[PDB]
Amino acid sequence: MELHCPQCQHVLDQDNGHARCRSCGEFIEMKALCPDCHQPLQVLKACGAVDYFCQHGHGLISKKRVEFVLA
Ligand SMILES: [Zn+2]
Ligand SMILES: [Zn+2]
């Protein structure tokens, strides 16, 4: 069933930190927050690989554990 929009109610096509409205046309970007912080994660860019570091003192957070909010 996936996630639906709270406005242009349709399917949200979600990838890494990004959600494009399929069937809507709209483009949405999402923030990667640490669940235990609610502050943004440090996007560690290694060109090919990207790590999400909890800038605060918790360690590394995977994109399957991160909390994505509407940006
Ligand atoms: Zn939509
Ligand atoms: Zn944290």
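For beta carbons closer than 8 Å, sequence separation of 6+ or different chains, a first residue in the range 30-54 that is more than 12 Å from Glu67 (Cα to Cα) and a second that is surrounded by 11 or more Cβ atoms within 10 Å (Cβ to Cβ) and among the hydroxyl-bearing types (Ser, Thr, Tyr), the qualifying pairs are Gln42/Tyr52; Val43/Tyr52; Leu44/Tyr52.
Restricting attention to the range 1-59, which residues are among the charged types (D, E, K, R), part of a loop (DSSP other than H, G, I, E, B) and away from ligand 2 (no atom under 16 Å from the Cβ)?
First, the residues of the range 1-59 that are among the charged types (D, E, K, R): 2, 13, 15, 20, 22, 26, 29, 31, 36, 45, 51.
Checking the rest, the ones that are also part of a loop (DSSP other than H, G, I, E, B) come to 2, 22, 26, 36.
Once the filter is applied, which keeps residues that are among the charged types (D, E, K, R), part of a loop (DSSP other than H, G, I, E, B) and away from ligand 2 (no atom under 16 Å from the Cβ), the range 1-59 yields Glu2, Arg22, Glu26.
Count of the range 16-71 residues, restricted to those that are more than 8 Å from the chain's Cα centre (by Cα), charged (D, E, K, R) and under 16 Å from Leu3 (Cα atoms), is 4. If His56 meets every condition in (1) loosely packed, with under 12 Cβ neighbours inside 10 Å; (2) away from ligand 1 (no atom under 16 Å from the Cβ) apart from one, which number is that one? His56 satisfies every listed condition except (1).
Quick check, is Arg65 at negative phi and either out of contact with any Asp or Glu (no Cβ under 6 Å at 6 or more places or on another chain) or of a type in the set (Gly, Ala, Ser) (or both)? When the stated conditions are applied, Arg65 passes them.
FYI the Cβ positions are ideal-geometry reconstructions off the backbone, even for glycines, and counts take in every protein chain you see. Bear in mind that the values in this text are calculations on the coordinates, not laboratory data.
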